[PDB]
Structure formats: structure tokens, C-alpha cells
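*Asks:* Which chain is which? The protein sequence lines are A and A', in order. A prime marks a further copy of an entry chain.
Under the authors' numbering, the very last position in the first sequence is 304; numbers go up by exactly one each time.
Under the authors' numbering, the very last position in the second sequence is 304; numbers go up by exactly one each time.
Where a beta carbon is used, it is the ideal one built from N, C-alpha and C, also for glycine.
Take a look at this one; I'll ask things after.
2 protein chains.
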Amino acid sequence: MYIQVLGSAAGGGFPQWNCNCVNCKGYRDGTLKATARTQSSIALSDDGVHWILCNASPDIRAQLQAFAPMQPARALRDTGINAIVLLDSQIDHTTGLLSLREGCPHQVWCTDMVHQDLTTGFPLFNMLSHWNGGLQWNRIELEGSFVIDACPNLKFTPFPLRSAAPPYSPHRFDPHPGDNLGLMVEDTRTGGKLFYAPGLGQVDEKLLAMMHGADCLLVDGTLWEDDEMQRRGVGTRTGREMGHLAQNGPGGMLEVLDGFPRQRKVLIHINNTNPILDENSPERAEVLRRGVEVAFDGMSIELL
Amino acid sequence: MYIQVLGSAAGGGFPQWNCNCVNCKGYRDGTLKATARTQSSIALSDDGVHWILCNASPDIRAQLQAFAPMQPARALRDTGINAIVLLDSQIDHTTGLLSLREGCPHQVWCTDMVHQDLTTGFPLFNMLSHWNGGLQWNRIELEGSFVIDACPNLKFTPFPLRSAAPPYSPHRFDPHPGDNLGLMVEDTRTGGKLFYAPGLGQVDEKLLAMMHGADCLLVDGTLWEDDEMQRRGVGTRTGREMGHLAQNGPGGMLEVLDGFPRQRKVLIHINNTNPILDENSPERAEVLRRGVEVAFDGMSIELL
Ligand SMILES: [Zn+2]
Ligand SMILES: [Zn+2]
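What follows is the structure in C-alpha cells.
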């Protein structure tokens with residue numbers, strides 16, 4: 001199984017178009033060691049030639065250009081994508097599709113709740129249907145596992161992730177399971193298991209239980225402190241909107257990860273406010289020492 | 001008046017995500033002198049501090065980063081944009097807005113027909129309304145001129161451009177005037193007049209007439225030959241879909257521009273297939289000799 005990190009930032013990526021905070025005002029000022037990041041998004045494959053896109057970010061164009069396998073040039077008008085999985089119906093996880101319209105049809109994998117939002121509040125499916133077949137919806141049942149034709153060696157098993165639909169959803173006040181869910185990918189050939197959850201509110205008994213059975217833990221590292229938005233003074237919300245659950249602890253990520261030493265633990269979906277975006281920073285050190293790698297654009301994780 | 005070229009490509013920009021043609025397969029192969037281009041889009045201003053965005057492309061993020069004035073950093077959470085103008089409701093001219101949601105409200109200028117599409121087929125307005133005020137629609141009457149508060153020295157006078165609404169429009173088969181229109185910007189302080197039309201099917205008597213009264217002609221240079229899609233073998237349509245009217249002539253652009261020597265003539269909205277994308281190319285020479293500059297990302301045109 002080949003895991004490619006196309007995007008590693010969050011929300012407005014990094015630096016954010018309209019944010020002049022420490023990390024952003026800093027990065028632009030050349031007075032801060034850090035690397036720009038596009039909206040979180042990873043690709044998956046078993047043969048390294050056929051890839052399944054996980055969440056289509058608004059930085060889809062640049063992200064594809066930066067990865068050669070996304071363009072095998074095995075023929076004029078050809079792509080390295082064979083299917084896309086949607087973990088929710090957020091704008092920053094589905095806007096990319098609009099940019100893939102010139103290459104339809106695409107096999108989109110998403111629950112019924114998400115497919116509902118994508119045919120109503122944000123009619124990506126309706127819109128694109130006017131583009132050579134459009135998108136072929138593939139339901140992601142709330143129970144069980146699925147497998148895509150392009151990569152028959154990858155076994156997907158999505159787990160429920162207590163969350164709420166985007167503000168444009170016809171049921172934003174009526175949270176149904178299937179709105180936002182994590183992913184458990186297993187390489188049926190070797191047995192390897194990747195635990196992907198760029199969106200985590202708080203772990204429980206059922207989560208941790210299945211986490212230990214994973215070789216690689218790709219959890220979200222949005223904010224260092226539950227109220228990063230408060231210190232930086234750029235946001236109102238806290239530990240709830242756009243990747244929650246800080247890492248500082250207690251009850252934090254860095255803490256819960258401690259019970260997972262025999263496995264690769266990486267932090268993806270980093271917000272522009274997170275201090276772990278500063279190479280030579282104190283909070284960065286704590287993450288490295290704890291044995292947790294901070295995801296970055298271009299990163300290539302593999303299990304085999 | 002300060003004219004900034006944020007995007008100069010067309011449709012899938014350049015190189016196109018899924019296109020392996022001569023210019024694209026070439027550019028990636030380092031065996032072709034050319035520069036990457038983002039989706040067509042230009043910015044305008046009279047004071048160089050307040051800018052009015054013309055069409056919000058899907059490459060809005062990268063485009064803003066590449067232009068310092070788009071981020072005056074005069075305060076945390078601040079942008080250099082004060083208003084956006086929409087010349088139509090196409091996906092590649094309005095998707096950018098979704099990425100500007102974290103900084104609402106925005107003043108969006110567009111006709112009633114476009115505003116209709118943006119509240120139905122592609123509900124950008126509905127969707128964004130859930131983001132601090134959202135977007136404040138400013139009607140662009142089919143007759144007359146308008147002026148935005150941020151730049152009181154710029155006078156906009158849009159002219160009708162016989163075209164059709166996008167395939168997701170509830171009236172895609174019922175073409176109404178106001179669907180797609182060009183723009184005539186005048187610097188009321190100096191008198192200067194910029195003629196912007198990244199989408200031109202064919203000029204007439206009323207067009208040419210008003211064109212001579214413009215100091216700068218920023219016309220579209222999508223395809224060199226009416227059937228670029230045919231030679232390259234990547235598209236079906238011809239001289240009608242995504243910037244039409246070749247430049248080779250006769251009846252072409254390079255031809256009609258001849259009657260406009262006393263003024264700056266630039267070609268923007270270039271398609272990936274256009275051979276004028278090859279620095280050292282024969283078709284490129286013909287354009288330069290004819291006195292027509294080929295727009296590029298980062299280009300800064302000024303009249304004063
Ligand atoms: Zn920031
Ligand atoms: Zn091409």
C-alpha cells in the first residue's frame with residue numbers, strides 16, 4: 001500500500017489567503033522556517049499506478065502537478081485517478097471535483113447522507129452530470145467494508161465519526177450518522193492496516209480498540225491548544241470547528257497516542273495557527289520526541 | 001488604473017491536469033520553453049491598494065499568494081480584495097468564491113441572469129449565506145455603467161456578449177442577454193479606457209466602434225486555429241466552447257486587431273493547446289511581430 005500526502009494543511013491551507021497571524025505573517029516575511037501546505041488530502045494505491053483520491057481539495061490542481069504518478073501519460077487525455085472517496089460533504093473536501101469535470105466519469109465513494117448534500121445544498125453531482133456521464137455514486141454503507149476495482153488489494157472499512165454536516169446542509173441541525181466518517185484501509189495482500197482520521201473529536205473504547213490493530217495512525221493535528229483560535233485571535237470557535245481536539249493535553253492527542261508506540265503516528269490536517277508549523281519551535285520538538293511525525297506536502301508513507 | 005494579471009490560462013489552465021498534448025506533455029518534460037498558467041482572472045484598482053477581482057478562478061488561492069497587494073497585512077485577518085465582478089456563471093469563473101468564504105462578506109457584481117444561476121444550479125450565494133453575511137449581490141444592469149465604493153475612480157460599462165449559460169444552468173437552452181458579458185473600464189480621473197473581453201465569439205459594428213475608444217485591448221487568445229482541439233486531438237468542439245474565434249484568420253483576431261495599432265493589444269485566456277504558449281515558436285513570433293503581447297501570470301498592465 002502506497003500512501004501519498006497531497007495536502008496536509010486545513011481549511012484555508014497554509015498560509016491562509018486572508019490570515020496575517022504569526023505563522024502566516026511570518027512565513028510570508030521569510031522570518032519563520034516553515035513550508036507552505038495545501039488543503040488536507042491523501043492518495044492511496046496498492047500498485048502505485050492506480051490511485052484512489054481521498055477527499056478532493058480545492059488545491060486539487062497544484063496537488064496533482066506535484067505528484068508524477070497522478071499523470072502516467074499513457075495516452076492523450078489520461079489521469080492517474082481511478083476513484084475518489086468522500087469522508088464528508090465539506091466545501092474543502094469536495095470542491096476539487098469541479099476541477100476534474102473535464103475528465104469524467106469518476107467513481108465517487110460516499111455515504112447516503114453525503115450524497116444527499118451533494119445533490120442539494122452543494123449539487124456537485126447534479127452540476128457535473130452534464131459532463132460525459134458525470135459522477136457514478138458508490139454508496140458507503142454504515143456497516144461493513146468496500147473495495148474499488150482499480151485497487152482490489154485495498155480493503156476499506158469506514159468507522160462512524162460523531163460529527164455534524166456543513167452549514168449549507170439541509171440537515172445541518174439534524175446530525176445523522178454517515179455525515180463525517182474516518183477510514184480504516186487494509187492491504188489484503190500483506191495484512192497492513194492504515195488508520196486515517198484527519199477529523200477527530202475525541203476517542204473512545206471502540207476507537208482505541210481498533211486503533212491498536214493498525215500499523216499506521218494518521219490522526220489529525222489541527223490545533224496545538226484547544227483554543228488556538230483564541231490565542232492567535234483569528235477565530236471564534238474552539239475545539240469543535242475545522243479539526244478539533246488539541247494535542248497539548250491532557251485528554252489530548254499527544255497523550256492518547258502514547259499507548260501506540262509500536263506503530264507510525266503522523267499528524268495531518270494542520271491548521272495555520274498550530275505552532276507545530278514552525279520548524280525550530282518548542283511545540284514542534286515535543287511532537288518529534290514523542291515519536292510523532294508532522295505530515296507535510298509531498299510526504300510518501302508506505303507499509304508493505 | 002492598475003491592471004494585474006492573476007490568471008492567464010483557460011479552462012483547465014496550463015498545463016491541464018489530465019492533458020498530455022504537445023504543450024502539456026512538453027512542459028512537463030522540460031523539453032519546451034513555456035511558463036505554467038492559472039485560470040484566467042485579472043484584478044483592477046485605481047489606488048493600487050483597493051482591488052476589484054474580475055472572475056474568481058479555481059486557482060484563486062495561488063493567484064493571491066503571488067501578488068503582495070492582495071494581502072496588505074494592515075490587520076490580522078485582512079485581504080486586498082474589496083469586491084468581485086462576475087462576467088458569467090461558469091465554473092471556472094466563480095469557483096474561487098467558495099475559497100473566500102472565510103472572509104465574508106464580499107461585494108459580488110453580476111447580472112440578474114448570472115445571479116439566477118448562482119442561487120440555483122450552482123448555489124454559491126445560498127451556500128455562502130451561512131458565512132457571516134455571505135455575499136451581497138450588486139446587480140449589473142444590461143444598460144448603463146456602475147462604480148464600486150472601494151475604487152470611485154473606475155467606471156465600469158459592461159457590453160453584451162452573445163453567448164450561452166453553462167450546462168448546469170436552468171436556462172442553458174434559453175439564452176438570455178446578461179449571461180456572458182464583456183467589460184469596459186474607464187479611469188474617470190485620467191479618462192483611460194481598458195477593453196476587457198476574455199470571451200469573444202465574433203466582433204461586429206457596435207464592438208469595433210467602441211474598441212477604438214479604448215487605450216488597452218485585452219482580448220482572448222484561446223486557440224490559434226478555429227479547431228485547435230481537432231489537431232491536438234483532445235477536444236471535440238471547435239470555435240465555440242471555452243473561448244472561441246482563433247487568431248490565425250481570416251476573420252480572426254490577429255486580423256481584426258490590425259485596425260487597432262494606436263493601442264496596447266494583449267492576448268489573455270490562452271488554452272493549453274494554443275501554440276503561442278511555446279516561447280520559441282513560429283505562431284508566437286507572428287503575434288509579437290503583429291504587435292500583440294501574450295499575457296502571462298504576474299503581468300502588470302497600467303494606463304494612467
Ligand atoms: Zn494564519
Ligand atoms: Zn494540453
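Since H106 of chain A sits in a beta bridge, which residues does DSSP pair it with?
*Replies:* Note: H106 of chain A sits in a beta bridge opposite A:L135.
*Asks:* Which residues bound the beta strand (DSSP E) around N82 of chain A?
*Replies:* Counting along the chain, the beta strand (DSSP E) containing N82 of chain A begins and ends at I81 to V85.
*Asks:* With H, G and I counted as helix, E and B as strand and the rest as coil, what does DSSP make of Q116 of chain A'?
*Replies:* The answer is helix: DSSP assigns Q116 of chain A' an H, G or I state.
*Asks:* Looking at the unbroken beta strand (DSSP E) that takes in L217 of chain A, where does it start and where does it end?
*Replies:* Element bounds for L217 of chain A: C216 to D220.
*Asks:* Consult DSSP for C54 of chain A' and reduce its assignment to one of helix, strand or coil.
*Replies:* Three-state result, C54 of chain A': strand.
*Asks:* For a minimum of 4 consecutive residues, which ranges assigned as the alpha helix (DSSP H) are wholly contained in the region 166-253 of chain A'?
*Replies:* Runs found: 205-211 and 228-232.
*Asks:* In chain order, what residues have a CB nearer than 5 Å to some heavy atom of ligand 1?
*Replies:* Chain-ordered list of matching residues: A:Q16, A:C19, A:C21, A:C24 and A:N272.
*Asks:* On the CB-based measure, 16 or more other CB atoms within 10 Å of its CB, does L304 of chain A' come out buried or exposed?
*Replies:* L304 of chain A' should be labelled exposed.
*Asks:* Taking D59 of chain A as the reference, which of A:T94, A:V49, A:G133 and A:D88 has the closest Cα?
*Replies:* Of the listed residues, the one whose Cα sits closest to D59 of chain A is A:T94.
*Asks:* Would DSSP call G30 of chain A' helix, strand or coil?
*Replies:* It is coil, neither helix nor strand.
*Asks:* Comparing C-alpha positions only, which one of A':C104, A':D149, A':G121 and A':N126 sits nearest to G133 of chain A'?
*Replies:* Among A':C104, A':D149, A':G121 and A':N126, the Cα nearest to that of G133 of chain A' is on A':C104.
*Asks:* If I measure Cβ to Cβ from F146 of chain A and keep anything under 6 Å in the same chain, skipping five residues before and after, which residues do I get?
*Replies:* Cβ within range, chain order: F156.
*Asks:* Counting only Cβ pairs nearer than 7 Å, list the residues of chain A close to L64 of chain A'.
*Replies:* Correct list: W17.
*Asks:* Residues of chain A with CB closer than 7 Å to the CB of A73 of chain A', please, in chain order.
*Replies:* Near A73 of chain A' (Cβ distances below 7 Å), the residues of chain A are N20 and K25.
*Asks:* Could you tell me whether the Cβ atoms of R162 of chain A' and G221 of chain A' are closer together than 8 Å?
*Replies:* Not a contact, by the Cβ cut-off of 8 Å.
*Asks:* When you compare the CB of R77 of chain A' with every CB in chain A, is at least one pair closer than 8 Å?
*Replies:* Yes, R77 of chain A' counts as interfacial toward chain A.
*Asks:* Given this structure, state the Cα-to-Cα distance separating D227 of chain A from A214 of chain A', to the nearest angstrom.
*Replies:* If I take the Cα positions, the gap works out to 54 Å.
*Asks:* What in chain A is Cβ-close to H50 of chain A', meaning under 7 Å?
*Replies:* Within 7 Å Cβ-Cβ: nothing; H50 of chain A' doesn't reach chain A, min ~15 Å.
*Asks:* Can you tell me whether DSSP reads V147 of chain A' as helix, strand or coil?
*Replies:* It is coil, neither helix nor strand.
*Asks:* Please confirm whether any heavy atom of ligand 2 lies closer than 7 Å to the CB of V5 of chain A.
*Replies:* No, the beta carbon of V5 of chain A sits no closer than 7 Å to any heavy atom of ligand 2.
*Asks:* List the residues of chain A that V234 of chain A' touches, going by C-beta distances under 7 Å, in chain order.
*Replies:* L76 and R77, listed in chain order.
*Asks:* Taking 7 Å as the cut-off, is the CB of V234 of chain A' close to at least one heavy atom of ligand 2?
*Replies:* Yes.
*Asks:* Do you know whose CA, among A:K25, A:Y196 and A:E255, lies nearest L277 of chain A's CA?
*Replies:* Selected option, being the one with the closest Cα: A:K25.
*Asks:* Taking the alpha-carbon of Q63 of chain A as reference, which of A:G80, A:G249, A:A73 and A:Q247 has the nearest alpha-carbon?
*Replies:* Cα-wise, what sits closest to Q63 of chain A is A:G80.
*Asks:* Using CA atoms only, rank isn't needed, just tell me which of A':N248, A':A9, A':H212 and A':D187 is closest to residue 310 of chain A'.
*Replies:* Nothing in the structure corresponds to residue 310 of chain A', since chain A' is present only between 1 and 304.
*Asks:* Give me the chain A residues within the contact set of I84 of chain A', using Cβ-Cβ distance strictly less than 8 Å, ordered along the chain.
*Replies:* Going along chain A, no residue has its Cβ under 8 Å from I84 of chain A', so there is no contact; the nearest lies around 13 Å.
*Asks:* Counting only beta-carbon atoms, is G103 of chain A' nearer than 8 Å to chain A?
*Replies:* So, interface residue.
*Asks:* First and last residue of the alpha helix (DSSP H) that includes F125 of chain A?
*Replies:* Residues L124 to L128.
*Asks:* Can you tell me which of the three DSSP states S300 of chain A' falls into?
*Replies:* Strand.
*Asks:* Check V49 of chain A' in the structure and name its three-state DSSP category.
*Replies:* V49 of chain A' falls in the coil class under three-state DSSP.
*Asks:* Tell me, please, whether the CB atom of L98 of chain A' is closer than 8 Å to any CB atom in chain A?
*Replies:* Judged by the 8 Å Cβ criterion, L98 of chain A' is in contact with chain A.
*Asks:* Distance, Cα to Cα, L118 of chain A' vs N126 of chain A'?
*Replies:* Roughly 8 Å between the two C-alpha positions.
*Asks:* Of all the CB atoms in chain A, is at least one closer than 8 Å to the CB of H106 of chain A'?
*Replies:* False, the Cβ-Cβ gap to chain A never drops below 8 Å.
*Asks:* Following the continuous beta strand (DSSP E) through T157 of chain A, name the residue where it begins and the one where it ends.
*Replies:* Per DSSP, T157 of chain A belongs to the beta strand (DSSP E) from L154 to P160.
*Asks:* Quick one, which of A':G252, A':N18 and A':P282 has its alpha-carbon nearest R61 of chain A's?
*Replies:* Among A':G252, A':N18 and A':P282, the Cα nearest to that of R61 of chain A belongs to A':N18.
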